[PDB]
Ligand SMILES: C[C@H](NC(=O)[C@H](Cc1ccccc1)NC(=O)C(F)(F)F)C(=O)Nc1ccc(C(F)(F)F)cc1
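Single chain ahead, by itself, as structure tokens, in the form solved without the named molecule.
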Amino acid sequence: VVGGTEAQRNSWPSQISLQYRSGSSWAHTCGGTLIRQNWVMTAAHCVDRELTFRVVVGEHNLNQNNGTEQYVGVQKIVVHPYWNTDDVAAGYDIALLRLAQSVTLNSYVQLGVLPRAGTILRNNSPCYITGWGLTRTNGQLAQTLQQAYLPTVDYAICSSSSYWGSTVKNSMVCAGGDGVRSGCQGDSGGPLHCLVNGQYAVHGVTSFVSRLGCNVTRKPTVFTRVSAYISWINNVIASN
């Protein structure tokens, strides 16, 4: 998250840290959203590599014990059947992870609230992206969970020539693009929390940013639109 601020310890309990094993240590690679005690929603490109992944819930500072973390292995990885690694712009950048064991829910570990199927946000809707991603284009991961206010940019505006054009699809949510604030590598798979009817709901799964950089003016951060995959998500959980 570029241009973000440190999130309060208990502000986003559905946020998880997706890490991969590197030698005798673990490294954070992506964010995710706990949607079931034993299911995590994340981006498909996050689990493209043939790595050993673990999920960490109740996490705040990646380099020191917070006394609230729960570490659990990933038992099954269900990537959307239409996901294509060489085509993030096509969409379908979403995956569900079945945890080896159900995590305990508390003040720091809660199931993310998902929006009703088909729900689209009005232009300039209030949202916050959260994650441990780079704090600067080509920079380094944040030690503590960060958050950035990224108002949405409706499809009409986002799919225009001045913005993302046809690169952005209707199955995606755009947010930010003010040149200062945005998601960045490491935030991928994480949530875009948007305020609707007084309640925050995870409307997006961080997918991509401009190859020119993370915080690029008129190149808002693009997220997989969660409301387009409600049936897909229910189907997977109901058969796994």
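Numbers for residues come from their place in the sequence shown, where the first is 1.
The next section is about a form of this same protein that is not shown, the form solved in complex with the named molecule.
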4.5 Å heavy atom contact with the named molecule in the bound PDB entry for all of 149, 152 and 176: no
Given that the partner is absent here, does residue 183 sit within 4.5 Å of the named molecule in the bound PDB entry, heavy atoms only? yes
Check residue 208 for me: does it contact the named molecule in the bound PDB entry (non-hydrogen atoms, 4.5 angstroms)? yes
Although the partner isn't part of this model, could you tell me whether residue 167 comes within 4.5 Å of the named molecule in the bound PDB entry, counting any heavy atom of the residue? yes
Residue 105 versus the named molecule, in the bound PDB entry: is there a non-hydrogen atom within 4.5 Å? no
Looking at 157, 89, 77, 113 here, can you tell me which has any non-hydrogen atom within 4.5 angstroms of the named molecule in the bound PDB entry? 89
Where, within 39-56, is there a heavy atom within 4.5 Å of the named molecule in the bound PDB entry? Residue list please. 45
